[PDB]
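So the structure is just underneath, and the comments pick up after that.
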Amino acid sequence: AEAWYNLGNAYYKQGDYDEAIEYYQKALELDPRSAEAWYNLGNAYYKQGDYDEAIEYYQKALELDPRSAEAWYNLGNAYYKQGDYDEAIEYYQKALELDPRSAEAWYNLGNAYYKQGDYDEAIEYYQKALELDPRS
Ligand SMILES: [Cl-]
Ligand SMILES: [Cl-]
Ligand SMILES: [Cl-]
Ligand SMILES: [Cl-]
């Protein structure tokens, strides 16, 4: 499983996402408990703009490792890309539970409320993002 997974990563690093997907799937066929293989398979589909597959595979990663702030944040991003702003808020909130000092998560939480027309909530979360990164 380790050699298929790292072959997938060597493709992913070059932006060869079709091949990354092929080889991550071979890794998972052999070891389906690898949170990291599911998460990176999700990432390869995300990079291709296939958000339905990204969401499916991030959800599997997070079943195996619910302490992955990165998987929560990227699941929020995949739902944001689909215009599902309440699910973006749901998963950004989980990422911030695990890393309250993530300027990126505060900012994207702000952008989900902005897309809903809740501009005062957006202001609140952009203010938190700027408390952490005043040069953004
Ligand atoms: Cl992970
Ligand atoms: Cl889940
Ligand atoms: Cl929604
Ligand atoms: Cl919160």
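Chain identifiers are assigned as A, B, and so on, following the order in which chains appear in the structure tokens; residues are numbered from 1 within each chain, and ligands are numbered from 1 in order of appearance.
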
Exercise. Could I get the residue neighbourhood of ligand 4 at 8 Å, counting only C-alpha atoms and all ligand atoms, as a list in words?
Key: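 Result of the 8 Å neighbour search around ligand 4: residues 93, 96 and 97 of chain A.
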
Print the selection's residues with C-alpha atoms to a file, as a PDB file, in the first residue's frame.
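The resulting file, out_35.pdb, is shown below:
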ATOM      1  CA  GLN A  93     -16.497  25.487  12.451  1.00  0.00           C
ATOM      2  CA  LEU A  96     -11.596  26.114  13.989  1.00  0.00           C
ATOM      3  CA  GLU A  97     -12.526  23.826  16.961  1.00  0.00           C
TER       4      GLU A  97
END

Quick one: which range 35-98 of chain A residues come within 10 Å of range 11-15 of chain A, and what is the nearest atom pair for each with the distance in Å to one decimal, counting only C-alpha atoms, rows ordered by chain and ascending number, as CSV?
residue,atom,partner,partner_atom,distance
A:40,CA,A:12,CA,8.6
A:41,CA,A:12,CA,9.4
A:43,CA,A:12,CA,9.0
A:44,CA,A:12,CA,6.9
A:47,CA,A:15,CA,8.4
A:48,CA,A:15,CA,9.6

Residue selection dump (C-alpha atoms) as a short mmCIF file (atom, residue, chain, number, x, y, z; two decimals), in the first residue's frame:
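Generated file (result_13.cif):
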data_model
loop_
_atom_site.label_atom_id
_atom_site.label_comp_id
_atom_site.auth_asym_id
_atom_site.auth_seq_id
_atom_site.Cartn_x
_atom_site.Cartn_y
_atom_site.Cartn_z
CA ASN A 40 -5.09 12.84 -0.65
CA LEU A 41 -7.51 11.03 -3.04
CA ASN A 43 -7.41 16.43 -2.77
CA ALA A 44 -6.65 15.01 -6.27
CA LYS A 47 -7.75 19.84 -7.85
CA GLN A 48 -9.71 18.45 -10.94
#

Self-check item: Env. residues ligand 1 / 7 Å / only C-alpha atoms and all ligand atoms / as a PyMOL selection string
Solution: chain A and resi 35-36+39+61+65+68+70-71

Residues within 10 Å of ligand 3 should be enumerated using only C-alpha atoms and all ligand atoms and returned as a short mmCIF file (atom, residue, chain, number, x, y, z; two decimals) with C-alpha atoms, in the first residue's frame.
data_model
loop_
_atom_site.label_atom_id
_atom_site.label_comp_id
_atom_site.auth_asym_id
_atom_site.auth_seq_id
_atom_site.Cartn_x
_atom_site.Cartn_y
_atom_site.Cartn_z
CA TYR A 79 -19.08 22.36 -0.08
CA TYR A 80 -18.31 26.13 -0.60
CA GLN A 82 -20.86 23.63 -4.63
CA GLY A 83 -22.60 26.80 -3.21
CA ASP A 84 -23.60 24.83 -0.07
CA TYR A 85 -22.65 27.63 2.37
CA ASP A 86 -24.34 26.15 5.47
CA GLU A 87 -22.27 22.95 5.04
CA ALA A 88 -19.14 25.11 4.41
CA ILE A 89 -19.94 26.88 7.80
CA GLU A 90 -20.55 23.46 9.48
CA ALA A 112 -19.48 31.63 3.52
CA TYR A 113 -21.61 34.14 5.56
CA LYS A 115 -22.19 34.52 0.15
CA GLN A 116 -25.42 34.05 2.26
#

Practice problem: Could you please write out, as a ChimeraX atom specification, every residue of chain A that DSSP assigns to helix (DSSP H, G or I)? | Solution: /A:2-12,17-30,35-47,51-64,69-81,85-98,103-116,119-132

Exercise. Show which residues sit within 10 Å of residue 103 in chain A, as a count of residues only. Count only C-alpha atoms, and ignore same-chain residues fewer than 4 positions away.
Key: 16

Exercise. Compute the set of protein, DNA and RNA residues whose minimum atom distance to ligand 2 is at most 7 Å, using only C-alpha atoms and all ligand atoms, and state it as a PyMOL selection string.
Key: chain A and resi 59-60+62-63
